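The block underneath contains the structure these notes are about, expressed in structure tokens.
Any value given below was found using the heavy atoms of this structure, including those in side chains, with hydrogens, waters and symmetry copies removed. Residue numbering restarts at 1 for every chain, and letters A, B, ... go by the order of the sequence lines.
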Amino acid sequence: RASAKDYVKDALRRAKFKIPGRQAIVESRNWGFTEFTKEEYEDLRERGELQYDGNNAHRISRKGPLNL
Amino acid sequence: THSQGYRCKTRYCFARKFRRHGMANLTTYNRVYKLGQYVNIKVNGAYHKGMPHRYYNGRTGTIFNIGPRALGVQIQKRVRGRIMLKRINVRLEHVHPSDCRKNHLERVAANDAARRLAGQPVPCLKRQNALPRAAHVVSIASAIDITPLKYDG
Amino acid sequence: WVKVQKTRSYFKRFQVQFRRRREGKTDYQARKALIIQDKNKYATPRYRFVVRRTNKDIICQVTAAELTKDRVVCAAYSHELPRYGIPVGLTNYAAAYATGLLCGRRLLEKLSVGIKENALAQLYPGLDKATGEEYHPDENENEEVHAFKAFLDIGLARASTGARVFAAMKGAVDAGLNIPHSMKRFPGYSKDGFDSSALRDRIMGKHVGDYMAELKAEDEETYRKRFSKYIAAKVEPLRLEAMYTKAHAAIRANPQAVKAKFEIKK
Amino acid sequence: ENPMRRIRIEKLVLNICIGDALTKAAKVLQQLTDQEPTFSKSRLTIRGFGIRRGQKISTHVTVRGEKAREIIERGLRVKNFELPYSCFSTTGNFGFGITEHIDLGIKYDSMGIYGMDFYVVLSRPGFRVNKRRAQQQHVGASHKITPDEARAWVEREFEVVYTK
RNA sequence: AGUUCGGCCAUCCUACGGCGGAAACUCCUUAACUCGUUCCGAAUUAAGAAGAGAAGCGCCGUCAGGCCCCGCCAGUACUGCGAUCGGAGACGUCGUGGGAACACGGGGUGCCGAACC
RNA sequence: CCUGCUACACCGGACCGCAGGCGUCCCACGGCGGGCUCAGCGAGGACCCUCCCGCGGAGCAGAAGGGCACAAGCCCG
RNA sequence: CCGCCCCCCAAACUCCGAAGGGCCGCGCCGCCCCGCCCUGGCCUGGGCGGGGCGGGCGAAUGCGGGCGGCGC
Ligand SMILES: [K+]
Ligand SMILES: [K+]
Ligand SMILES: [K+]
Ligand SMILES: [Mg+2]
């Protein structure tokens with residue numbers, strides 16, 4: 001969340017010194033461990049078309065038996 | 001290798017194709033074969049009698065004998081500096097009629113046909129390996145303008 | 001809760017059987033051993049005697065397998081037998097014998113249209129006055145024109161002793177076709193001699209006429225239920241051998257087929 | 001309403017599972033149906049159960065006809081025309097079983113007492129399409145017997161009252 | 001439109017709802033004879049015509065599962081030939097040829113041949 | 001001597017390379033014909049029996065790989 | 001127990017599948033007849049030959065080819 005955003009790159013720095021070779025620390029455009037970008041994810045939630053699992057988010061079904 | 005039995009190294013080539021198990025269809029026995037014909041050898045792994053060795057899978061030969069149940073096929077085989085003419089006896093499930101001369105019979109029929117028609121001058125009937133293109137005009141009224149793009153990472 | 005057997009993985013790997021095996025209309029093991037032929041006989045036709053029964057009708061056909069279909073050379077259906085004088089009882093033992101006789105005579109007359117010398121209907125004219133004895137046309141052994149040869153394809157029927165499939169084969173032999181067979185699976189055989197009188201009884205429909213005779217004796221109320229169509233054509237149970245004997249003679253004379261022009265509806 | 005839709009009694013199977021009692025048991029089924037009964041052999045060995053393998057364990061006979069219906073109105077008369085509501089399978093069949101076999105009729109017990117399963121199968125006209133050798137196909141889903149259809153039929157034919 | 005015999009063996013299969021039958025196929029009725037069931041006419045063998053469109057079968061349907069075609073994925077992954085290109089290496093680059101798959105989105109859902117009604 | 005892999009999609013290809021097997025067993029556990037369908041899930045039934053669906057998830061002497069459903073498996077003559 | 005998502009894998013896993021390799025073909029054909037003898041119901045086929053006819057040289061590039069004996 002936002003309350004930890006400051007200190008994650010400090011902990012990733014710690015881990016880098018335990019691993020052989022050269023490593024790179026980066027910040028992603030995705031929303032969490034999901035597959036949409038923040039702007040993409042925001043809008044999909046904005047209109048409704050996005051599914052929810054437990055901690056992962058999917059799209060509208062649009063396939064198979066209509067309801068029953 | 002260290003072990004070299006008759007069907008060694010056959011785990012994939014003698015296996016059946018996906019959703020193509022079971023008995024062969026009956027065209028395997030209603031085809032007519034003749035002396036001098038060209039055939040392909042393809043081993044069907046469900047028929048174990050008269051089944052040729054793995055070396056002969058995917059070769060093309062010529063019929064020399066027509067027997068009651070099996071055909072005799074001649075295969076040219078390279079051995080260490082010379083070619084050998086080998087003769088084998090193979091049952092019908094492992095032979096298919098070959099089209100290696102199909103293209104040549106179509107052309108021989110087409111040249112005598114186009115000669116009969118004469119177009120009063122006889123056309124050129126030699127095959128032609130693709131030539132360089134001739135001169136022509138093309139419009140550039142609507143032309144698109146592209147350029148390299150910037151790196152995105 | 002309960003595992004599901006037909007997942008989408010089950011369908012992906014499923015191989016269907018040949019269409020005529022799914023419909024339960026062909027056995028391909030037996031069909032391979034009928035049409036097979038030595039390869040130094042390159043394209044010579046080979047024939048099958050096909051006998052199929054339904055409810056209400058018995059079919060015979062002569063057929064040759066080709067690459068992409070098979071040709072029917074001749075066929076006779078037992079619903080034609082009303083024209084030769086057999087009104088009721090089609091699909092019984094006698095009606096199967098007569099239909100095979102019709103198909104055999106019709107084929108030989110078809111292959112001897114125009115031929116003057118030693119035509120296939122004069123040579124091998126078959127038999128007369130059915131006896132129910134063993135007979136083999138390929139014993140005559142004309143040196144120069146052999147008998148027509150065919151094989152009995154019975155399909156999915158059981159090959160029991162006294163089935164109607166074998167009766168239809170027997171009438172094809174008695175009209176001059178070389179069909180290889182033994183007398184086993186006929187009525188009147190005991191592994192120590194084959195007695196032909198018992199075979200003439202089914203051929204002449206004698207078991208049918210004795211059933212009506214007794215059935216009328218005790219339960220005449222059922223005799224109306226059991227045999228209503230027999231009693232409306234006014235054929236009484238004592239004249240079947242009268243009625244079958246005339247029918248055979250009227251078959252050999254005119255085997256030729258008269259096409260019933262027909263009109264359909266969707 | 002439709003004929004060719006009526007339910008009938010397809011068959012009734014009497015099964016006796018337990019040295020020469022099976023011989024005594026077979027005679028009992030023999031003198032209750034007028035049919036030679038059969039004998040089953042043992043699939044495994046269970047030293048806990050006391051049966052070796054490949055050995056005469058049970059006996060049973062199948063009954064088909066108006067005979068089957070009569071024996072299945074004396075078996076219920078034992079149970080006082082009472083049947084569990086949950087005794088009807090997902091496929092239109094119901095069963096039950098007695099403990100003393102002389103409760104259909106008094107017989108000099110010589111041959112000893114036994115206890116049987118009465119398992120009944122029903123069907124409609126048409127079920128032949130799934131048993132014949134040639135052109136064999138599954139019966140349609142609507143033409144099959146739901147368990148609610150099976151209860152309404154036996155209570156009409158018999159007088160069972162379904163203790164719940 | 002239908003039945004018997006076939007070719008290729010799912011665009012033809014599986015599941016669930018429907019709609020049809022003049023003819024045809026089917027279900028169906030029977031245990032004298034034929035032959036048959038580790039027991040059972042269930043099957044099968046024989047003999048039949050009172051009843052049926054309830055099934056099978058033919059047809060129609062379903063943001064149906066499968067199967068089949070096309071586009072995208074993507075000149076990306078990988079790779080043949082050539083390099084006194086870079087790098088400690090692991091690996092990558094350039095020149096000249098060849099070129100996927102998964103996923104994703106749209107479409108489709110047996111035809112051909114002999115004989116008979 | 002044999003199977004799979006090493007082995008780089010024709011064939012061929014090394015090691016005291018990797019995981020293993022063979023010197024037997026069967027007059028039926030063999031030949032042929034006919035019939036039949038297996039493993040099992042689900043749901044029933046006195047203290048094995050029945051139906052339904054079932055691409056083989058069983059079996060086929062013993063290694064491993066391949067093959068097979070009106071059969072190459074099981075039962076009978 | 002069951003259903004939907006999901007991180008990460010295989011020299012002795014593969015429903016898909018390259019680059020790359022491998023084997024065969026690229027000149028004599030048509031059309032009618034006639035002769036000889038295992039195969040077919042036949043007036044069927046199949047094989048080996050003869051005649052009469054119409055034709056005709058049907059990718060590129062380079063270039064003469066094949067067989068044996070004796071021996072290190
Ligand atoms: K580090
Ligand atoms: K070699
Ligand atoms: K129907
Ligand atoms: Mg057979």
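In this structure, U37(E) forms no base pair with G89(E) under the Watson-Crick or G-U wobble definition at 3.5 Å. Between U37(F) and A72(F) there is no Watson-Crick or G-U wobble pairing whose two distances both come in under 3.5 Å. Geometry at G92(E) and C85(E) meets the Watson-Crick or G-U wobble definition, both required distances lying under 3.5 Å. No Watson-Crick or G-U wobble pair links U11(E) with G108(E) with both defining distances under 3.5 Å. Taken together, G50(G) and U14(G) do not qualify as a Watson-Crick or G-U wobble pair under the 3.5 Å criterion applied to both distances. With the cut-off at 3.5 Å for both distances, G57(F) forms a Watson-Crick or G-U wobble pair with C38(F). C91(E) and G71(E) are not base-paired: they meet neither the Watson-Crick nor the G-U wobble geometry with both distances under 3.5 Å.
Proximity of a side-chain donor or acceptor of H21(B) to a complementary backbone N or O of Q15(C) within less than 3.5 Å is not detected.
Contact annotation for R64(D): base contact, defined as any heavy-atom pair under 4.0 Å involving a base atom. Counting non-hydrogen atoms under 4.0 angstrom, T1(B) reaches a base of the nucleic acid. Residue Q61(C) is in base contact, counting any heavy-atom pair closer than 4.0 Å across all strands shown. Heavy atoms of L125(B) sit under 4.0 angstrom from at least one base atom.
Side-chain N/O atoms of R19(C) include none lying less than 4.0 angstrom from OP1 or OP2 on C12(E). Taking 4.0 angstrom as the limit, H143(D) places none of its side-chain polar atoms (N or O) nearer than this to OP1 or OP2 of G56(E).
Two rings, from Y33(B) and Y42(C), have their centers 6.0 Å or more apart. Taking the ring centroids of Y55(B) and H53(B), they lie at or beyond the 6.0 Å cut-off.
Going from atom CZ of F262(C) over to atom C1' of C116(E) covers 9 Å, rounded to whole Å. Rounded to an integer number of Å, the gap from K63(A) NZ to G106(E) P is 9 Å. The CG-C1' distance, from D201(C) to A32(E), rounds to 15 Å in whole Å. Atoms CZ (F14(C)) and P (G65(E)) sit 19 Å apart, rounded to a whole Å. Rounded to whole Å, the distance from NE2 on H60(D) to P on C48(F) is 11 Å.
Cation-pi geometry between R185(C) and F166(C) is not met: the NZ or CZ atom fails to fall both under 6.0 Å from the ring centre and inside 45° of the normal.
Here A19(F) sits opposite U3(F) as a Watson-Crick or G-U wobble pair (both hydrogen-bonding atom distances under 3.5 Å).
Comparing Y38(B) and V2(C) against RNA chain G, the residue whose closest nucleotide sits nearer the 5' end is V2(C).
Within a 6.0 Å radius of CG in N2(D), more than 12 heavy atoms belonging to other residues, nucleotides or ligands are found.
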